[PDB]
file my_file32.pdb (PDB, C-alpha atoms and all ligand atoms)
ATOM      1  CA  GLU A  32       0.000   0.000   0.000
ATOM      2  CA  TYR A  33       3.110   2.248   0.193
ATOM      3  CA  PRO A  34       2.979   5.108  -2.355
ATOM      4  CA  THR A  35       5.268   4.925  -5.423
ATOM      5  CA  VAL A  36       5.849   7.577  -8.101
ATOM      6  CA  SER A  37       2.846   5.716  -9.609
ATOM      7  CA  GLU A  38       0.323   7.192  -7.150
ATOM      8  CA  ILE A  39       1.928  10.689  -6.866
ATOM      9  CA  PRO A  40       1.530  13.659  -9.306
ATOM     10  CA  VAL A  41       4.732  15.720  -9.164
ATOM     11  CA  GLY A  42       3.918  18.757  -7.001
ATOM     12  CA  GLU A  43       1.777  16.654  -4.626
ATOM     13  CA  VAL A  44       2.528  14.755  -1.414
ATOM     14  CA  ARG A  45       1.034  11.661   0.226
ATOM     15  CA  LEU A  46       1.181  10.619   3.883
ATOM     16  CA  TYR A  47       1.625   7.064   5.123
ATOM     17  CA  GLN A  48       0.872   5.889   8.660
ATOM     18  CA  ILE A  49       3.714   3.568   9.743
ATOM     19  CA  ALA A  50       2.687   3.210  13.403
ATOM     20  CA  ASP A  51       0.497   5.092  15.873
ATOM     21  CA  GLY A  52       1.466   8.801  15.711
ATOM     22  CA  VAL A  53       4.214   8.191  13.104
ATOM     23  CA  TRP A  54       3.828   8.885   9.389
ATOM     24  CA  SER A  55       6.095   9.137   6.427
ATOM     25  CA  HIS A  56       5.623  11.834   3.816
ATOM     26  CA  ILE A  57       6.261  10.976   0.184
ATOM     27  CA  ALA A  58       6.985  13.434  -2.651
ATOM     28  CA  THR A  59       8.492  13.262  -6.145
ATOM     29  CA  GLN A  60      10.987  15.391  -8.018
ATOM     30  CA  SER A  61      12.341  15.335 -11.557
ATOM     31  CA  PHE A  62      16.087  15.140 -11.871
ATOM     32  CA  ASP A  63      18.066  14.653 -15.075
ATOM     33  CA  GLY A  64      15.173  13.151 -17.080
ATOM     34  CA  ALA A  65      14.033  10.744 -14.353
ATOM     35  CA  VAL A  66      11.419  10.932 -11.589
ATOM     36  CA  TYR A  67      12.420   9.896  -8.040
ATOM     37  CA  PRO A  68      10.342   9.535  -4.821
ATOM     38  CA  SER A  69      11.559  11.018  -1.566
ATOM     39  CA  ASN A  70      10.589  10.246   2.027
ATOM     40  CA  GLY A  71      10.472  12.243   5.257
ATOM     41  CA  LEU A  72       8.964  11.625   8.708
ATOM     42  CA  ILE A  73       6.146  13.115  10.793
ATOM     43  CA  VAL A  74       6.033  12.355  14.558
ATOM     44  CA  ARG A  75       3.195  13.322  16.879
ATOM     45  CA  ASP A  76       4.488  15.401  19.852
ATOM     46  CA  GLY A  77       1.564  15.693  22.285
ATOM     47  CA  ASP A  78      -0.831  17.941  20.380
ATOM     48  CA  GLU A  79       1.756  19.168  17.886
ATOM     49  CA  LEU A  80       3.913  17.583  15.154
ATOM     50  CA  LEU A  81       7.658  17.275  14.617
ATOM     51  CA  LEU A  82       8.547  17.136  10.904
ATOM     52  CA  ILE A  83      11.724  15.358   9.717
ATOM     53  CA  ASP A  84      13.015  16.781   6.383
ATOM     54  CA  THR A  85      11.359  18.955   3.734
ATOM     55  CA  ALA A  86       9.513  17.460   0.779
ATOM     56  CA  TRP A  87      12.380  18.461  -1.610
ATOM     57  CA  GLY A  88      11.524  22.025  -2.742
ATOM     58  CA  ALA A  89       9.281  25.014  -1.904
ATOM     59  CA  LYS A  90       6.264  23.860  -3.937
ATOM     60  CA  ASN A  91       6.390  20.300  -2.581
ATOM     61  CA  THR A  92       6.867  21.601   0.976
ATOM     62  CA  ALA A  93       3.851  23.946   0.720
ATOM     63  CA  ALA A  94       1.856  20.897  -0.492
ATOM     64  CA  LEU A  95       3.188  18.894   2.479
ATOM     65  CA  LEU A  96       1.915  21.443   5.016
ATOM     66  CA  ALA A  97      -1.469  21.661   3.237
ATOM     67  CA  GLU A  98      -1.730  17.841   3.274
ATOM     68  CA  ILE A  99      -0.806  17.713   6.962
ATOM     69  CA  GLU A 100      -3.481  20.360   7.606
ATOM     70  CA  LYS A 101      -6.017  18.278   5.691
ATOM     71  CA  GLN A 102      -5.188  14.850   7.017
ATOM     72  CA  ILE A 103      -3.842  15.231  10.580
ATOM     73  CA  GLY A 104      -4.948  18.748  11.575
ATOM     74  CA  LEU A 105      -2.274  19.279  14.257
ATOM     75  CA  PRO A 106       0.284  22.133  13.997
ATOM     76  CA  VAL A 107       3.891  21.524  12.843
ATOM     77  CA  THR A 108       5.954  23.335  15.473
ATOM     78  CA  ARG A 109       9.460  22.109  14.692
ATOM     79  CA  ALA A 110      11.337  20.555  11.790
ATOM     80  CA  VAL A 111      14.721  18.822  11.598
ATOM     81  CA  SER A 112      16.787  18.445   8.399
ATOM     82  CA  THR A 113      18.955  15.316   8.386
ATOM     83  CA  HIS A 114      21.658  16.607   6.002
ATOM     84  CA  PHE A 115      22.557  19.730   3.960
ATOM     85  CA  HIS A 116      21.431  18.682   0.447
ATOM     86  CA  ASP A 117      18.417  20.183  -1.300
ATOM     87  CA  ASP A 118      16.123  17.185  -0.914
ATOM     88  CA  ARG A 119      16.291  17.725   2.872
ATOM     89  CA  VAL A 120      16.537  21.559   3.298
ATOM     90  CA  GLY A 121      14.842  22.658   0.076
ATOM     91  CA  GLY A 122      11.610  24.224   1.384
ATOM     92  CA  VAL A 123      13.012  25.378   4.740
ATOM     93  CA  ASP A 124      11.882  28.965   3.968
ATOM     94  CA  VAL A 125       8.303  27.717   3.376
ATOM     95  CA  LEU A 126       8.397  26.056   6.801
ATOM     96  CA  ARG A 127       9.857  29.243   8.349
ATOM     97  CA  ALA A 128       7.153  31.433   6.730
ATOM     98  CA  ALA A 129       4.474  29.142   8.218
ATOM     99  CA  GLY A 130       6.010  29.630  11.662
ATOM    100  CA  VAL A 131       7.810  26.297  12.000
ATOM    101  CA  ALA A 132      11.063  26.329  13.994
ATOM    102  CA  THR A 133      13.653  24.774  11.638
ATOM    103  CA  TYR A 134      16.636  22.915  13.089
ATOM    104  CA  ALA A 135      19.843  21.189  11.930
ATOM    105  CA  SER A 136      23.270  20.431  13.357
ATOM    106  CA  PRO A 137      25.975  23.156  13.077
ATOM    107  CA  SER A 138      27.724  20.803  10.680
ATOM    108  CA  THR A 139      24.685  20.720   8.414
ATOM    109  CA  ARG A 140      24.144  24.498   8.747
ATOM    110  CA  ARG A 141      27.789  25.143   7.772
ATOM    111  CA  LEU A 142      27.665  22.823   4.756
ATOM    112  CA  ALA A 143      24.320  24.238   3.514
ATOM    113  CA  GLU A 144      25.748  27.756   3.748
ATOM    114  CA  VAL A 145      28.852  26.692   1.750
ATOM    115  CA  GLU A 146      26.556  24.979  -0.783
ATOM    116  CA  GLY A 147      24.371  28.094  -1.102
ATOM    117  CA  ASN A 148      21.388  26.019   0.048
ATOM    118  CA  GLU A 149      18.632  27.066   2.470
ATOM    119  CA  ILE A 150      19.838  27.141   6.099
ATOM    120  CA  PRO A 151      17.644  25.904   8.990
ATOM    121  CA  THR A 152      17.464  28.570  11.705
ATOM    122  CA  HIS A 153      18.124  26.698  14.976
ATOM    123  CA  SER A 154      21.205  24.644  15.901
ATOM    124  CA  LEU A 155      21.210  21.118  17.316
ATOM    125  CA  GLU A 156      23.955  20.830  19.938
ATOM    126  CA  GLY A 157      25.805  17.667  20.966
ATOM    127  CA  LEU A 158      25.874  15.757  17.672
ATOM    128  CA  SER A 159      29.334  16.584  16.432
ATOM    129  CA  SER A 160      31.090  13.323  17.285
ATOM    130  CA  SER A 161      30.345   9.864  15.728
ATOM    131  CA  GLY A 162      28.050   7.913  18.021
ATOM    132  CA  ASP A 163      26.477  11.004  19.661
ATOM    133  CA  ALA A 164      22.728  10.833  20.476
ATOM    134  CA  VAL A 165      20.418  13.605  21.766
ATOM    135  CA  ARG A 166      16.704  13.492  22.720
ATOM    136  CA  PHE A 167      14.472  15.836  20.665
ATOM    137  CA  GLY A 168      10.940  15.585  21.981
ATOM    138  CA  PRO A 169       9.441  12.209  20.800
ATOM    139  CA  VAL A 170      12.570  11.128  18.906
ATOM    140  CA  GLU A 171      16.254  10.500  19.428
ATOM    141  CA  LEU A 172      18.681  12.138  16.969
ATOM    142  CA  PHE A 173      21.827  10.143  16.212
ATOM    143  CA  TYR A 174      25.000  11.078  14.340
ATOM    144  CA  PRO A 175      26.506   7.723  13.170
ATOM    145  CA  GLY A 176      29.500   9.223  11.390
ATOM    146  CA  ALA A 177      30.036  10.204   7.768
ATOM    147  CA  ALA A 178      28.123   8.111   5.196
ATOM    148  CA  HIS A 179      25.997   9.608   2.360
ATOM    149  CA  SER A 180      27.387  12.940   3.651
ATOM    150  CA  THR A 181      29.681  13.997   6.525
ATOM    151  CA  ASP A 182      26.784  15.519   8.475
ATOM    152  CA  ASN A 183      24.039  12.897   7.979
ATOM    153  CA  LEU A 184      21.771  12.211  10.991
ATOM    154  CA  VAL A 185      19.370   9.358  11.612
ATOM    155  CA  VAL A 186      16.162   9.585  13.654
ATOM    156  CA  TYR A 187      14.613   6.974  15.974
ATOM    157  CA  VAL A 188      11.060   7.014  17.425
ATOM    158  CA  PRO A 189      11.458   4.971  20.697
ATOM    159  CA  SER A 190       7.705   4.609  21.244
ATOM    160  CA  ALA A 191       7.016   3.005  17.843
ATOM    161  CA  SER A 192      10.469   1.393  17.103
ATOM    162  CA  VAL A 193      10.741   3.359  13.844
ATOM    163  CA  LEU A 194      14.211   4.136  12.584
ATOM    164  CA  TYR A 195      14.358   6.818   9.883
ATOM    165  CA  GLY A 196      17.675   6.388   8.157
ATOM    166  CA  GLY A 197      17.309   9.263   5.701
ATOM    167  CA  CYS A 198      19.645   9.167   2.733
ATOM    168  CA  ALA A 199      22.357   7.217   4.501
ATOM    169  CA  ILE A 200      20.101   4.122   4.103
ATOM    170  CA  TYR A 201      19.070   2.752   0.668
ATOM    171  CA  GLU A 202      15.844   0.832  -0.143
ATOM    172  CA  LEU A 203      16.197  -2.851  -1.233
ATOM    173  CA  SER A 204      15.343  -2.029  -4.837
ATOM    174  CA  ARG A 205      18.412   0.260  -4.938
ATOM    175  CA  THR A 206      21.117  -2.082  -6.141
ATOM    176  CA  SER A 207      23.778   0.468  -7.137
ATOM    177  CA  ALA A 208      25.180   3.541  -5.312
ATOM    178  CA  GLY A 209      23.287   6.753  -5.918
ATOM    179  CA  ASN A 210      24.829  10.199  -5.983
ATOM    180  CA  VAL A 211      27.907   9.817  -3.789
ATOM    181  CA  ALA A 212      29.703  13.091  -4.600
ATOM    182  CA  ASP A 213      29.704  14.215  -0.935
ATOM    183  CA  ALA A 214      29.889  10.721   0.597
ATOM    184  CA  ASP A 215      32.538   9.152   2.783
ATOM    185  CA  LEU A 216      32.633   5.715   1.190
ATOM    186  CA  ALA A 217      35.505   4.651   3.448
ATOM    187  CA  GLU A 218      33.499   5.364   6.641
ATOM    188  CA  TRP A 219      29.989   4.559   5.452
ATOM    189  CA  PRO A 220      29.987   0.815   6.539
ATOM    190  CA  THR A 221      31.426   1.738   9.952
ATOM    191  CA  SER A 222      28.701   4.373  10.342
ATOM    192  CA  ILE A 223      25.990   1.807   9.538
ATOM    193  CA  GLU A 224      27.505  -0.526  12.181
ATOM    194  CA  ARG A 225      27.132   2.283  14.749
ATOM    195  CA  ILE A 226      23.447   2.482  13.730
ATOM    196  CA  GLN A 227      23.066  -1.290  13.993
ATOM    197  CA  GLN A 228      24.698  -1.401  17.442
ATOM    198  CA  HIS A 229      22.573   1.504  18.733
ATOM    199  CA  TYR A 230      19.118   0.510  17.479
ATOM    200  CA  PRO A 231      19.168  -3.361  17.377
ATOM    201  CA  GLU A 232      15.465  -3.258  18.305
ATOM    202  CA  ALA A 233      14.157  -1.199  15.389
ATOM    203  CA  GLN A 234      11.102  -2.824  13.768
ATOM    204  CA  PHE A 235      10.579  -0.440  10.802
ATOM    205  CA  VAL A 236      13.390   1.172   8.739
ATOM    206  CA  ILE A 237      12.528   4.083   6.441
ATOM    207  CA  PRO A 238      15.128   4.936   3.733
ATOM    208  CA  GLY A 239      15.497   8.454   2.274
ATOM    209  CA  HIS A 240      13.927   7.225  -0.954
ATOM    210  CA  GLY A 241      11.647   4.277  -1.668
ATOM    211  CA  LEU A 242      10.018   1.439   0.282
ATOM    212  CA  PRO A 243      10.332   0.851   4.069
ATOM    213  CA  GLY A 244      11.535  -2.435   5.471
ATOM    214  CA  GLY A 245      13.336  -3.878   8.483
ATOM    215  CA  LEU A 246      16.889  -3.764   9.767
ATOM    216  CA  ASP A 247      18.191  -5.683   6.751
ATOM    217  CA  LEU A 248      18.109  -2.352   4.900
ATOM    218  CA  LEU A 249      21.262  -1.557   6.934
ATOM    219  CA  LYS A 250      23.071  -4.665   5.671
ATOM    220  CA  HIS A 251      21.757  -4.014   2.169
ATOM    221  CA  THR A 252      23.223  -0.495   2.146
ATOM    222  CA  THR A 253      26.556  -1.864   3.359
ATOM    223  CA  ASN A 254      26.541  -4.417   0.494
ATOM    224  CA  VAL A 255      25.818  -1.723  -2.086
ATOM    225  CA  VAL A 256      28.396   0.760  -0.701
ATOM    226  CA  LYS A 257      31.082  -1.940  -0.635
ATOM    227  CA  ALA A 258      30.306  -3.025  -4.240
ATOM    228  CA  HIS A 259      30.605   0.625  -5.353
ATOM    229  CA  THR A 260      33.883   1.025  -3.443
ATOM    230  CA  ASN A 261      35.254  -1.940  -5.402
ATOM    231  CA  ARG A 262      34.045  -0.652  -8.805
ATOM    232  CA  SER A 263      36.724  -1.206 -11.495
TER
HETATM  233 ZN    ZN B   1      22.163  14.049  -0.098
HETATM  234 ZN    ZN B   2      12.773  29.903  16.547
HETATM  235 ZN    ZN B   3      18.092  11.925  -0.465
END
call {"tool": "encode", "arguments": {"input": "my_file32.pdb", "output": "structure tokens"}}
result
Amino acid sequence: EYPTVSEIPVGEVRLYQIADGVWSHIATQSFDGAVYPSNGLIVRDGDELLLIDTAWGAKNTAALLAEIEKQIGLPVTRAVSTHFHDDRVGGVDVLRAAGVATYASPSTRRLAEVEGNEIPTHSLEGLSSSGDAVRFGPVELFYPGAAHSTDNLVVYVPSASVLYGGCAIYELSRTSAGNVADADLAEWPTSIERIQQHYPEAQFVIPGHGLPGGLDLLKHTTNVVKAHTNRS
């Protein structure tokens, strides 16, 4: 029942209930003559919502807020971007204009600034060293080390056992490495091991793009990263 680029007109967003008070958001974007899906997370925080990641652009992100307003009807008070690339911070101004507090690590804020990308307002302290975790309302934020990017974070919902891996985790259908221009291929498998060791109990694993699964998405990503590393 999980939405694919099949069920999603570009410019629109669908929500998907993963567990009680946890949803993913799914959007699509054209890039380089192909159409890709993109996932983020929505976590109920009492009577408000914490959003993880934009819906990859201003137009998509305005559709996301409208769709949250339609389908959940609770206010989005805070948002966290999991790394500095446009599919995660693109739309941060839309969030800001709607009165959402936008957050990212100083590492992410620095890299977005260098990249000329949108910059989340608020800074997340205590994530600068591999293996650091901090509590952020109904989730834990975890910096596993460099992987897809040097600043990538992952997000865990303790109450529902949902691990959101963002773009550091690939879906099973992904069989070759994506865009790795900003990746640390040498450290990626070690970073995934930190994730494995810290959340052995996760029941659902949501990748940055594509279908959810279980913890074998971690091993899958390792397999793919290692194959790419060994490319001839
Ligand atoms: Zn990225
Ligand atoms: Zn603020
Ligand atoms: Zn991504």
call {"tool": "closest_residue", "arguments": {"input": "my_file32.pdb", "among": "A:207, A:222, A:85, A:69", "to": "residue 174 (chain A)", "atoms": "all atoms listed in the file"}}
result
A:222
call {"tool": "residues_near_ligand", "arguments": {"input": "my_file32.pdb", "ligand": "ligand ZN 2 (chain B)", "cutoff": "9 Å", "atoms": "only C-alpha atoms and all ligand atoms", "output": "list in words"}}
result
residues 109, 127, 130, 131, 132, 133, 134, 152 and 153 of chain A
call {"tool": "resolve_selection", "arguments": {"input": "my_file32.pdb", "expression": "the PyMOL selection byres (((chain A and resi 195) around 9) and not hetatm)", "output": "list in words"}}
result
residues 71, 72, 83, 185, 186, 187, 188, 193, 194, 196, 197, 200, 235, 236, 237, 238 and 239 of chain A
call {"tool": "residues_near_ligand", "arguments": {"input": "my_file32.pdb", "ligand": "ligand ZN 1 (chain B)", "cutoff": "9 Å", "atoms": "only C-alpha atoms and all ligand atoms", "output": "list in words"}}
result
residues 114, 115, 116, 117, 118, 119, 179, 180, 183, 197, 198, 199, 210, 211, 212, 213 and 214 of chain A
call {"tool": "residues_around", "arguments": {"input": "my_file32.pdb", "residues": "residue 251 (chain A)", "least_positions_apart": "3", "cutoff": "9 Å", "atoms": "all atoms listed in the file", "output": "ChimeraX atom specification"}}
result
/A:200-203,205-206,247-248,254-256
call {"tool": "closest_residue", "arguments": {"input": "my_file32.pdb", "among": "A:242, A:224, A:159, A:136", "to": "residue 56 (chain A)", "atoms": "only C-alpha atoms"}}
result
A:242
call {"tool": "closest_residue", "arguments": {"input": "my_file32.pdb", "among": "A:108, A:234, A:190, A:113", "to": "ligand ZN 3 (chain B)", "atoms": "only C-alpha atoms and all ligand atoms"}}
result
A:113
call {"tool": "resolve_selection", "arguments": {"input": "my_file32.pdb", "expression": "the PyMOL selection byres (((chain A and resi 77) around 10) and not hetatm)", "output": "tab-separated table (two decimals) with C-alpha atoms, in the frame of the given file"}}
result
chain	number	residue	atom	x	y	z
A	52	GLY	CA	1.47	8.80	15.71
A	74	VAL	CA	6.03	12.36	14.56
A	75	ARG	CA	3.20	13.32	16.88
A	76	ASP	CA	4.49	15.40	19.85
A	78	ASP	CA	-0.83	17.94	20.38
A	79	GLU	CA	1.76	19.17	17.89
A	80	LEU	CA	3.91	17.58	15.15
A	81	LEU	CA	7.66	17.27	14.62
A	105	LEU	CA	-2.27	19.28	14.26
A	168	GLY	CA	10.94	15.58	21.98
A	169	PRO	CA	9.44	12.21	20.80
call {"tool": "closest_residue", "arguments": {"input": "my_file32.pdb", "among": "A:142, A:110, A:158, A:120", "to": "ligand ZN 3 (chain B)", "atoms": "only C-alpha atoms and all ligand atoms"}}
result
A:120
call {"tool": "closest_residue", "arguments": {"input": "my_file32.pdb", "among": "A:40, A:104, A:231, A:121", "to": "ligand ZN 3 (chain B)", "atoms": "only C-alpha atoms and all ligand atoms"}}
result
A:121
call {"tool": "resolve_selection", "arguments": {"input": "my_file32.pdb", "expression": "the PyMOL selection byres (((chain A and resi 47) around 9) and not hetatm)", "output": "PyMOL selection string"}}
result
chain A and resi 32-34+45-46+48-49+53-57
